[PDB]
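Structure first, then comments.
Number of protein chains: 2
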Amino acid sequence: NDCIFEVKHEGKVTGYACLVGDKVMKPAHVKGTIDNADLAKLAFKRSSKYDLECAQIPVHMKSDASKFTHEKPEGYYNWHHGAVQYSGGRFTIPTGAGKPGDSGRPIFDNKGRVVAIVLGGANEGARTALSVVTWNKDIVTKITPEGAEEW
Amino acid sequence: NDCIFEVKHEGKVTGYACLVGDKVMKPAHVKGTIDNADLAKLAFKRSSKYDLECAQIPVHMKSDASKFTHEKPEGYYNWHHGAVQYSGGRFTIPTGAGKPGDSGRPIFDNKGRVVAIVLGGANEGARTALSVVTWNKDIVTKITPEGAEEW
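So the sequence lines, in the order shown, correspond to chains J and L. Numbering of the first sequence is given in the entry's author numbering, commencing with residue 111 and proceeding in unit increments. Numbering of the second sequence is given in the entry's author numbering, commencing with residue 111 and proceeding in unit increments.
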């Protein structure tokens with residue numbers, strides 16, 4: 111299950127930066143720098159519309175990069191705090207299961223490949239939706255419910 | 111499944127060459143010439159776009175050649191050092207199976223036909239990435255990751 115690699119920033123619960131396929135990626139809104147000197151010296155690219163910051167993974171360590179897919183059938187997917195629901199396109203936690211600091215967590219399917227990265231969410235109890243990024247095979251896209259806040 | 115035919119260069123650990131379909135194929139970066147004199151006297155074409163060399167198989171020995179396919183689904187594959195895999199659009203092995211001197215080996219599918227040829231790689235323990243040649247529909251191509259070296 112926990113067959114996973116990621117790293118945090120500046121010695122706080124500053125969210126995570128994640129090795130997906132062939133590149134390191136991170137929320138653009140989370141502060142500081144990576145708590146791994148091997149990745150910290152990389153030259154990151156960024157977008158303030160996807161809220162995404164990214165760099166190529168160095169050749170000597172690509173075994174640590176997680177599998178990825180665009181494929182998102184409806185059902186349930188898994189992250190740091192266990193299962194999360196996906197139906198009507200709203201990645202949803204059944205009440206309160208996350209809070210600020212819960213940034214950058216990948217969402218993995220039932221075959222252990224990444225579909226999305228978490229950024230934040232919007233409270234409506236059992237209907238609590240997530241702000242995320244996910245790739246439509248060629249291109250990254252940002253999902254965001256109305257009334258969200260960042261994590 | 112040992113239903114394979116090959117030849118080596120200058121009678122030493124100098125890489126390898128294959129009988130595929132109706133043509134010999136060989137790497138361009140390997141030193142010396144083919145061990146078998148009935149192959150070695152033939153006229154060879156070459157390309158630095160693919161690090162590759164080729165010739166027509168003599169009709170008396172064409173019956174000894176291996177079969178091929180363009181197919182590359184995700185999964186596991188056969189070659190002389192074992193443990194070879196295709197995933198994320200990449201061929202891979204664990205490190206111990208591949209090194210300098212082992213270039214020119216064919217990779218076979220689960221039905222015993224060649225899909226690709228090993229030229230070299232970029233090392234890591236669990237998943238070393240490979241430089242290879244392979245056919246797409248009915249045209250040859252080269253695949254090569256970041257930071258690889260020929261063997």
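No residue lacks a Cβ here, since even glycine has one placed at the ideal position from N, Cα and C.
What residues match up with residue i in a beta bridge as DSSP calls it?
i: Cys113(L); result: For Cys113(L), which the question treats as bridged, DSSP gives no partner whatsoever.
i: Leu129(L); result: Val134(L)
i: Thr251(J); result: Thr244(J)
i: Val140(J); result: Per DSSP, none; premise fails for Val140(J).
i: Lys118(L); result: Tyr126(L)
i: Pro216(L); result: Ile227(L)
i: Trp261(J); result: Answer is none; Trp261(J) lacks a bridge partner.
i: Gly185(J); result: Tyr196(J)
Can you tell me which of the three DSSP states residue i falls into?
i: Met135(J); result: strand
i: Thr238(J); result: strand
i: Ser158(J); result: coil
i: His170(J); result: helix
i: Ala150(J); result: helix
i: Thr179(L); result: coil
i: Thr124(J); result: coil
i: residue 91(L); result: Nothing about residue 91(L) can be read from this structure; chain L reaches only from 111 to 261.
i: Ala193(L); result: coil
i: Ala165(L); result: strand
i: residue 285(L); result: Residue 285(L) lies beyond the range of chain L shown here (111 to 261); nothing can be said about it.
I'd like the list of long-range same chain contacts for residue i, defined as Cβ closer than 7 Å, with 5 residues on each side in sequence excluded.
i: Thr143(L); result: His119, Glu120 and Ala150
i: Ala226(J); result: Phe201, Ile217, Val242, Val243 and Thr244
i: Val123(L); result: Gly211
i: residue 262(L); result: Because residue 262(L) is not part of the residues shown, which for chain L are 111 to 261, the question remains open.
i: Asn233(L); result: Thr205
i: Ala236(J); result: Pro204 and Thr205
i: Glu184(J); result: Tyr196 and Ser197
i: residue 271(J); result: Look at the range of chain J in this structure, 111 to 261, and you will see that residue 271(J) is not part of it.
i: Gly192(L); result: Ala207
i: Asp174(L); result: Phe115 and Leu129
i: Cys113(L); result: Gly222
By Cβ distance below 6 Å, which residues in the same chain neighbour residue i in space, the five residues on each side in sequence not counted?
i: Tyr126(L); result: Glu116, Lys118, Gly214 and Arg215
i: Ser157(J); result: none
i: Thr254(L); result: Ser241
i: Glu259(J); result: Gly230
i: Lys155(J); result: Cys164
i: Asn220(L); result: none
i: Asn188(J); result: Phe218
Among residues of its own chain, excluding the 5 on either side of residue i, which ones have a beta-carbon nearer than 8 Å to its beta-carbon?
i: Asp148(J); result: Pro168 and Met171
i: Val224(L); result: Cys128, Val130, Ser176, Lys177, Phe178, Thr179, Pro216, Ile217 and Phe218
i: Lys247(L); result: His180
i: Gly257(L); result: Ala232
i: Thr251(L); result: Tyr160, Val243, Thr244 and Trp245
For the segment 225-237 of chain L, enumerate the residues whose C-beta is nearer than 9 Å to any C-beta of chain J, in chain order. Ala232, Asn233, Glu234, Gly235, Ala236 and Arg237
Members of the segment 120-144 of chain J near chain L, C-beta cut-off 7 Å: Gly131
Selection of the segment 172-202 of chain L by Cβ proximity to chain J, strictly under 8 Å: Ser197 and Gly198
Quick check: the segment 123-137 of chain J against the segment 163-181 of chain J, are at least 3 beta-carbon pairs closer than 8 Å? yes
Using a Cβ distance threshold of 8 Å, determine whether the segment 199-217 of chain L contacts the segment 237-256 of chain L, with at least three qualifying pairs required. yes
So if I threshold CB-CB distances at 9 Å, which residues from the segment 243-260 of chain L count as touching chain J? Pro255, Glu256, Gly257 and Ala258
So if I threshold CB-CB distances at 7 Å, which residues from the segment 145-169 of chain J count as touching chain L? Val169
May I ask you to list, following chain order, the residues of the segment 205-222 of chain L that have a beta carbon less than 9 Å from some beta carbon of chain J? none
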